[PDB]
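*Asks:* First the structure, which I've put down as structure tokens, then a few questions once you've had a look.
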Amino acid sequence: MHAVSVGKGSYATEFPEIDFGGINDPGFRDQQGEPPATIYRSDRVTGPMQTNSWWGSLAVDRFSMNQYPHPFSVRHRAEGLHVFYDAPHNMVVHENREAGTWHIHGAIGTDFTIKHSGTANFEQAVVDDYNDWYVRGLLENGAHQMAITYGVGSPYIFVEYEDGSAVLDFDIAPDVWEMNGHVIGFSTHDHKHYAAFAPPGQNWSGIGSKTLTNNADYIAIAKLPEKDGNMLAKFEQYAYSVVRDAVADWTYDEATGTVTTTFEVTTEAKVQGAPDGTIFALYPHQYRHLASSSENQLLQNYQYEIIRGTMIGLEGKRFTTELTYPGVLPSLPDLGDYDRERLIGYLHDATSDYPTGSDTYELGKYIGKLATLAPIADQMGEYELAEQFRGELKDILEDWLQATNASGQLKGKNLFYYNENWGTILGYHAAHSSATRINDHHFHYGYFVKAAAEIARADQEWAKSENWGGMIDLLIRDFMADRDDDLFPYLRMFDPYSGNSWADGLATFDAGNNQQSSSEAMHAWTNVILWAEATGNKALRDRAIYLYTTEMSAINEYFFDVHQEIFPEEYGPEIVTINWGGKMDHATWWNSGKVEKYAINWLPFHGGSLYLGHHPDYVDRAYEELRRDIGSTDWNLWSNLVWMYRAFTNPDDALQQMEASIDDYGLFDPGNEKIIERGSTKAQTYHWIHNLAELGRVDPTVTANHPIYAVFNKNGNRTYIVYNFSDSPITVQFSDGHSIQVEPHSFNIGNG
Ligand SMILES: OC[C@H]1O[C@@H](O[C@@H]2[C@@H](O)[C@H](O[C@@H]3[C@@H](O)[C@H](O[C@@H]4[C@@H](O)[C@H](O[C@@H]5[C@@H](O)[C@H](O)O[C@H](CO)[C@H]5O)O[C@H](CO)[C@H]4O)O[C@H](CO)[C@H]3O)O[C@H](CO)[C@H]2O)[C@H](O)[C@@H](O)[C@@H]1O
Ligand SMILES: OC[C@H]1O[C@@H](O[C@@H]2[C@@H](O)[C@H](O[C@@H]3[C@@H](O)[C@H](O[C@@H]4[C@@H](O)[C@H](O[C@@H]5[C@@H](O)[C@H](O)O[C@H](CO)[C@H]5O)O[C@H](CO)[C@H]4O)O[C@H](CO)[C@H]3O)O[C@H](CO)[C@H]2O)[C@H](O)[C@@H](O)[C@@H]1O
């Protein structure tokens, strides 16, 4: 009737009567709701609706908000599609010293509007089709329709008309510098170079005026890299090849660690003989990892400047990138030079900790904390305490993973519900608009997966599908489904072309979509790798490896700019806290101080956090910048996270800071995160820093032929760590020739 059983658990299929717990706060109450009833999609778009996309505002707003199909910005309006390009004169870098914020952004302008000869009063714009990274938007007014196909990484906008023809409208007359009849090269008054393409024989009119017109029912617009007729000619070759399908297909080669992704379009010809291909604009995270076999397709001098640095052109049907998956661990092992009794004391202190709210996020942070403590308790010989922590995880998960109470009725809180309208699992109590905007399902549910993975590491029976595994697998499907999932859209959170996850379900902002904590995304991917390995689910594991590895490539470019190529020279900080489609901010979604605008991209610390140490010069540069701004090592908040980060390159410094301040205050206090951030513990902090002191630096130059491992290097001496989730012993080969044997359900070293 009102819930569906899944193993021992269930999810609600009717919206529950929420138990507000007597809380009257309207913000809290408004969070316990559902996403919008109205979805702006045509009847060609059926099944679970895609969310968390760069283009999402088209589906939620009657028209759209401003979007960033780089290299363009566009927005839908009743009058037509506005097109813009941020030139250098449009870009700014601003600091608000009092707020401690910085902002890199452009403008919300209009270079021209793509219009329909029959109407400038469209009723709405709907999603009419989409694929892995393009969308087809359909402006509708009865018989008058204008379908616009565009995408991130497409320097084309394809325009198809019904019951009318093409118009390009400008506020100031453009310079048409090349007039080939059906093809024109033009510039805005402020020298932005574009081109427009119609079928042969359909000639452009209005040249020299503010309005360029064409009788064709098909045109394409291109952003040109330069005012160059040879480039115009190249763009003409693919201007009639409209992208209909676009897939990012991947493989993981376990032996080598290589994740290979092939981006492939399928086009429809708008003139006879049009080739099956396009011109792609690649982002830095792509072209820096371009496969050898794709290099011949590069259009070398075809560059575009955007918020994310320089894009480059590449022609054809497909291209391929190659990345290296570095491994993850379930925990750091027991290899530190800590006082073990001191660590035991901290493990017991952590029983005083409790969740600071009833919503999925705060509960998530608490269950991640317990799951992090349990392996450390095992290591220290506090085996009943470890069991206490895992028992508490079981109690919490077995509660949340059941939608019905003892009577068989729906619960009012601590449950999951399937919103059928969009096709998404929502958890109540909700927060951060996880339900009302379909936000942050990776951030929140990643913590539930961590809890499950720690349980599964000790208890395979609990994790079976028919027990509690089916419900965990349902949560994972919500945020990272494979194709043809009957309940959920494909890879909800992830944008395979932009290379990152997008946190906002709706994307109804004029900067496009955003992501703040890239580290909470990486945490989700880590935990699925661990869960899938524990439960023997190779396909799921490999999908999470692809996500972890790809997201890592985007983080190092756009959040960290490890290569010192992307952020403008005048931008002071050494991190971007929030990446948007259209802008970059050193700022947080809540009111914070200096440390948090860095550390929200570090936390939480866990066995998959070692990607943060791959670039020791970056780690040093970022730490030194934050230290400069603070003016000392008196961290304003979350001191433990700064010490843990510092330990990637200078564990002696990290240790002395920790010794000086870690016991400044006593047991868990929600009002005071000066020393210990509320998702962290003293025990975790002390264990982490001492392990890094013994291990040295992360060594990303060595891979292995199994996925659960790490390699460190201290002055040329390597330490190899492997965790084996199997009932059988394994042998692991490392790429430097080293081999080890690992016993069932253990680390090779430091089991403790
Ligand atoms: O130390 C005491 C203080 O601790 C703070 O908790 C921190 C916590 O807020 C932080 O959360 C992260 C979230 O920012 C992030 O979630 C984002 C949403 O918050 C955001 O919502 C916006 C909304 O702010 C705005 O008003 O309206 C928008 C719609 O118009 C709406 O979208 O949306 C983002 C996506 O667009 C979304 O990602 O993600 C995670 C939570 O889901 C968190 O990473 O996390 C910190 C670290 O755990 C916390 O310390 C409290 O907030 C303060 O009140 C306390 O005083
Ligand atoms: O200082 C003490 C108080 O601090 C507060 O925290 C501050 C925090 O709220 C602030 O969050 C920033 C967001 O406000 C910002 O959101 C922007 C959107 O508002 C904007 O929306 C527009 C919409 O206004 C317009 O009508 O329609 C447009 C669509 O057509 C729509 O886009 O969208 C922007 C993106 O397009 C969006 O950025 O987003 C920032 C990140 O980019 C947030 O940082 O941040 C401050 C700095 O960290 C915080 O100080 C607390 O909440 C208070 O309780 C304290 O009293």
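FYI, nothing fancy with the structure tokens labels: chains A, B, ... in order, residues from 1 per chain, ligands from 1 as they appear.
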Compile a residue-level contact table for chain A against ligand 1 at a cut-off of 6 Å, reporting for every qualifying residue the shortest atom pair and its distance in Å to one decimal, with only C-alpha atoms and all ligand atoms counted, rows ordered by chain and ascending number, as CSV.
*Replies:*
residue,atom,partner,partner_atom_place_in_ligand_line,distance
A:361,CA,ligand 1,42 (O),5.9
A:432,CA,ligand 1,19 (O),4.2
A:439,CA,ligand 1,35 (C),5.8
A:440,CA,ligand 1,42 (O),5.1
A:443,CA,ligand 1,42 (O),6.0
A:503,CA,ligand 1,38 (O),4.8
A:504,CA,ligand 1,36 (O),4.0
A:514,CA,ligand 1,36 (O),6.0
A:517,CA,ligand 1,44 (O),5.2
A:589,CA,ligand 1,14 (O),4.5
A:590,CA,ligand 1,52 (O),5.2
*Asks:* Could you pull out all residues of range 376-558 of chain A with a DSSP call of strand (DSSP E) and give them as number ranges by chain?
*Replies:* A: 415-419, 424-428, 514-515
*Asks:* Could those residues be written to a file, using C-alpha atoms, as a PDB file, in the first residue's frame?
*Replies:*
ATOM      1  CA  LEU A 415      12.857   7.190   7.021  1.00  0.00           C
ATOM      2  CA  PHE A 416      13.278   7.256   3.251  1.00  0.00           C
ATOM      3  CA  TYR A 417      10.569   8.094   0.751  1.00  0.00           C
ATOM      4  CA  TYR A 418      10.415   7.654  -3.004  1.00  0.00           C
ATOM      5  CA  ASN A 419       9.232  10.796  -4.740  1.00  0.00           C
ATOM      6  CA  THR A 424      14.326  10.177  -6.130  1.00  0.00           C
ATOM      7  CA  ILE A 425      14.786   8.801  -2.605  1.00  0.00           C
ATOM      8  CA  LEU A 426      14.305  11.580  -0.012  1.00  0.00           C
ATOM      9  CA  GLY A 427      15.242  11.227   3.666  1.00  0.00           C
ATOM     10  CA  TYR A 428      13.292  12.837   6.519  1.00  0.00           C
ATOM     11  CA  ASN A 514      27.437  24.593  -7.871  1.00  0.00           C
ATOM     12  CA  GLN A 515      29.519  22.342  -5.709  1.00  0.00           C
TER      13      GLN A 515
END
*Asks:* Please build the interface table for chain A against ligand 2 with a cut-off of 10 Å, listing for each qualifying residue the nearest atom pair and the distance in Å to one decimal; count only C-alpha atoms and all ligand atoms, order rows by chain and increasing number, and write it as a Markdown table.
*Replies:*
| residue | atom | partner | partner_atom_place_in_ligand_line | distance |
| --- | --- | --- | --- | --- |
| A:57 | CA | ligand 2 | 29 (C) | 9.2 |
| A:61 | CA | ligand 2 | 30 (O) | 9.5 |
| A:64 | CA | ligand 2 | 30 (O) | 8.4 |
| A:65 | CA | ligand 2 | 30 (O) | 5.4 |
| A:66 | CA | ligand 2 | 30 (O) | 7.2 |
| A:67 | CA | ligand 2 | 36 (O) | 9.6 |
| A:96 | CA | ligand 2 | 47 (C) | 9.7 |
| A:98 | CA | ligand 2 | 1 (O) | 9.7 |
| A:99 | CA | ligand 2 | 47 (C) | 6.6 |
| A:100 | CA | ligand 2 | 47 (C) | 7.9 |
| A:101 | CA | ligand 2 | 47 (C) | 6.5 |
| A:102 | CA | ligand 2 | 47 (C) | 9.3 |
| A:103 | CA | ligand 2 | 42 (O) | 8.3 |
| A:108 | CA | ligand 2 | 36 (O) | 10.0 |
| A:507 | CA | ligand 2 | 36 (O) | 8.9 |
| A:508 | CA | ligand 2 | 29 (C) | 6.0 |
| A:509 | CA | ligand 2 | 32 (O) | 3.5 |
| A:510 | CA | ligand 2 | 36 (O) | 3.8 |
| A:511 | CA | ligand 2 | 36 (O) | 3.8 |
| A:512 | CA | ligand 2 | 36 (O) | 6.4 |
| A:513 | CA | ligand 2 | 35 (C) | 8.0 |
| A:514 | CA | ligand 2 | 42 (O) | 7.9 |
| A:515 | CA | ligand 2 | 41 (C) | 9.4 |
| A:516 | CA | ligand 2 | 41 (C) | 8.5 |
| A:577 | CA | ligand 2 | 41 (C) | 8.7 |
| A:578 | CA | ligand 2 | 41 (C) | 6.4 |
| A:579 | CA | ligand 2 | 42 (O) | 8.0 |
| A:580 | CA | ligand 2 | 42 (O) | 7.6 |
| A:581 | CA | ligand 2 | 36 (O) | 9.2 |
| A:582 | CA | ligand 2 | 36 (O) | 8.2 |
| A:583 | CA | ligand 2 | 42 (O) | 8.0 |
| A:584 | CA | ligand 2 | 42 (O) | 7.5 |
| A:585 | CA | ligand 2 | 42 (O) | 5.8 |
| A:586 | CA | ligand 2 | 48 (O) | 7.8 |
| A:587 | CA | ligand 2 | 48 (O) | 4.1 |
| A:588 | CA | ligand 2 | 48 (O) | 3.8 |
| A:589 | CA | ligand 2 | 11 (O) | 4.3 |
| A:590 | CA | ligand 2 | 6 (O) | 4.2 |
| A:591 | CA | ligand 2 | 6 (O) | 3.6 |
| A:592 | CA | ligand 2 | 48 (O) | 6.0 |
| A:593 | CA | ligand 2 | 48 (O) | 8.2 |
| A:594 | CA | ligand 2 | 48 (O) | 9.9 |
| A:596 | CA | ligand 2 | 48 (O) | 9.5 |
| A:597 | CA | ligand 2 | 48 (O) | 8.0 |
*Asks:* According to DSSP computed on the backbone, where in range 553-645 of chain A is there helix (DSSP H, G or I)? Give the residues as a PyMOL selection string.
*Replies:* chain A and resi 553-559+596-599+609-613+616-630+639-645
*Asks:* As a list in words, please: the residues near residue 285 in chain A (cut-off 9 Å, only C-alpha atoms, same-chain neighbours under 4 positions excluded).
*Replies:*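 Close residues of residue 285 in chain A: residues 289, 498, 499, 550, 553, 554, 555, 556, 557 and 558 of chain A.
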*Asks:* Produce a file of the selected residues containing N, CA and C atoms, as a compact mmCIF listing (two decimals), in the first residue's frame.
*Replies:*
# COMPACT_ATOMS: atom_id res chain seq x y z
N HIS A 289 44.81 14.93 -19.95
CA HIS A 289 44.82 13.48 -19.90
C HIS A 289 44.37 12.83 -21.19
N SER A 498 31.83 17.88 -17.49
CA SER A 498 32.46 18.83 -16.58
C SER A 498 33.43 18.18 -15.61
N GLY A 499 33.22 16.90 -15.33
CA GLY A 499 34.15 16.10 -14.52
C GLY A 499 33.92 16.10 -13.04
N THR A 550 37.64 10.39 -11.74
CA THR A 550 37.28 11.53 -12.58
C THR A 550 37.08 12.80 -11.75
N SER A 553 40.34 14.39 -10.79
CA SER A 553 40.91 15.19 -11.87
C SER A 553 40.30 16.61 -11.91
N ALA A 554 39.00 16.73 -11.69
CA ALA A 554 38.36 18.05 -11.67
C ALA A 554 38.72 18.85 -10.44
N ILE A 555 38.83 18.19 -9.29
CA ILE A 555 39.19 18.86 -8.04
C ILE A 555 40.57 19.53 -8.16
N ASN A 556 41.53 18.79 -8.69
CA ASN A 556 42.89 19.31 -8.77
C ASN A 556 43.01 20.49 -9.73
N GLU A 557 42.14 20.55 -10.74
CA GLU A 557 42.10 21.71 -11.62
C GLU A 557 41.32 22.88 -11.02
N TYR A 558 40.05 22.66 -10.66
CA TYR A 558 39.12 23.79 -10.46
C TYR A 558 38.94 24.25 -9.03
*Asks:* Identify, on the basis of only C-alpha atoms, every residue whose closest approach to residue 566 in chain A does not exceed 10 Å; exclude the query and any residue fewer than 5 positions from it along the same chain; express the result as a short mmCIF file (atom, residue, chain, number, x, y, z; two decimals) with C-alpha atoms, in the first residue's frame.
*Replies:*
data_model
loop_
_atom_site.label_atom_id
_atom_site.label_comp_id
_atom_site.auth_asym_id
_atom_site.auth_seq_id
_atom_site.Cartn_x
_atom_site.Cartn_y
_atom_site.Cartn_z
CA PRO A 284 41.72 21.21 -18.74
CA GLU A 305 38.91 31.41 -22.21
CA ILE A 306 36.23 30.53 -19.63
CA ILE A 307 35.89 30.52 -15.83
CA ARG A 308 37.70 27.14 -15.76
CA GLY A 309 40.74 28.39 -17.77
CA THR A 310 41.39 27.55 -21.39
CA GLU A 557 42.10 21.71 -11.62
CA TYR A 558 39.12 23.79 -10.46
CA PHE A 559 39.16 23.73 -6.65
CA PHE A 560 42.94 23.57 -6.15
CA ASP A 561 44.47 24.75 -9.47
#
*Asks:* Got a sec: who's within 7 Å of range 332-344 of chain A, counting only C-alpha atoms, leaving out chain neighbours fewer than 4 positions off, as a PyMOL selection string?
*Replies:* chain A and resi 348+379-380+607+683+687+690-691+694+750-752
*Asks:* Please list as a PDB file with C-alpha atoms, in the first residue's frame every residue within 8 Å of range 116-131 of chain A, counting only C-alpha atoms and excluding residues in the same chain fewer than 2 positions away.
*Replies:*
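Saved as selection21.pdb:
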ATOM      1  CA  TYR A  40       9.110  21.618 -17.555  1.00  0.00           C
ATOM      2  CA  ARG A  41       9.683  18.658 -19.877  1.00  0.00           C
ATOM      3  CA  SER A  42       7.916  17.553 -23.033  1.00  0.00           C
ATOM      4  CA  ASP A  43       6.079  14.251 -23.359  1.00  0.00           C
ATOM      5  CA  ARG A  44       9.157  12.930 -25.212  1.00  0.00           C
ATOM      6  CA  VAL A  45      10.984  12.912 -21.869  1.00  0.00           C
ATOM      7  CA  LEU A  58      15.372  24.667 -17.812  1.00  0.00           C
ATOM      8  CA  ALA A  59      13.364  21.837 -16.183  1.00  0.00           C
ATOM      9  CA  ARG A  62       9.102  28.172 -16.778  1.00  0.00           C
ATOM     10  CA  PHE A  63      11.933  29.379 -19.047  1.00  0.00           C
ATOM     11  CA  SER A  64      15.438  28.963 -17.585  1.00  0.00           C
ATOM     12  CA  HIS A  76      15.746  31.057 -22.229  1.00  0.00           C
ATOM     13  CA  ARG A  77      13.137  33.856 -22.295  1.00  0.00           C
ATOM     14  CA  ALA A  78       9.762  34.449 -23.872  1.00  0.00           C
ATOM     15  CA  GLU A  79      11.503  36.455 -26.612  1.00  0.00           C
ATOM     16  CA  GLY A  80      14.031  33.707 -27.452  1.00  0.00           C
ATOM     17  CA  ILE A 114      18.268  33.787 -31.143  1.00  0.00           C
ATOM     18  CA  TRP A 133      25.997  16.260 -21.267  1.00  0.00           C
ATOM     19  CA  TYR A 134      23.889  18.003 -23.982  1.00  0.00           C
ATOM     20  CA  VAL A 135      20.294  19.166 -23.621  1.00  0.00           C
ATOM     21  CA  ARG A 136      17.607  20.018 -26.156  1.00  0.00           C
ATOM     22  CA  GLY A 137      15.488  22.948 -24.943  1.00  0.00           C
ATOM     23  CA  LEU A 138      12.181  23.618 -26.671  1.00  0.00           C
ATOM     24  CA  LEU A 139      10.636  27.107 -26.696  1.00  0.00           C
ATOM     25  CA  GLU A 140       6.894  26.560 -27.356  1.00  0.00           C
ATOM     26  CA  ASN A 141       3.917  28.746 -28.449  1.00  0.00           C
ATOM     27  CA  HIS A 144       5.604  28.041 -33.195  1.00  0.00           C
ATOM     28  CA  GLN A 145       8.507  26.066 -31.758  1.00  0.00           C
ATOM     29  CA  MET A 146      12.237  26.602 -31.518  1.00  0.00           C
ATOM     30  CA  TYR A 161      12.399  25.835 -36.184  1.00  0.00           C
ATOM     31  CA  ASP A 163       6.363  27.199 -38.333  1.00  0.00           C
ATOM     32  CA  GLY A 164       8.952  29.865 -38.821  1.00  0.00           C
ATOM     33  CA  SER A 165      12.468  30.944 -39.583  1.00  0.00           C
ATOM     34  CA  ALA A 166      15.610  32.407 -38.049  1.00  0.00           C
ATOM     35  CA  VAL A 167      16.326  35.754 -36.499  1.00  0.00           C
ATOM     36  CA  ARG A 244      21.407  13.769 -30.798  1.00  0.00           C
ATOM     37  CA  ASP A 245      23.263  11.295 -28.602  1.00  0.00           C
ATOM     38  CA  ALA A 246      26.306  11.825 -26.408  1.00  0.00           C
ATOM     39  CA  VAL A 247      27.743   9.155 -24.103  1.00  0.00           C
TER      40      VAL A 247
END
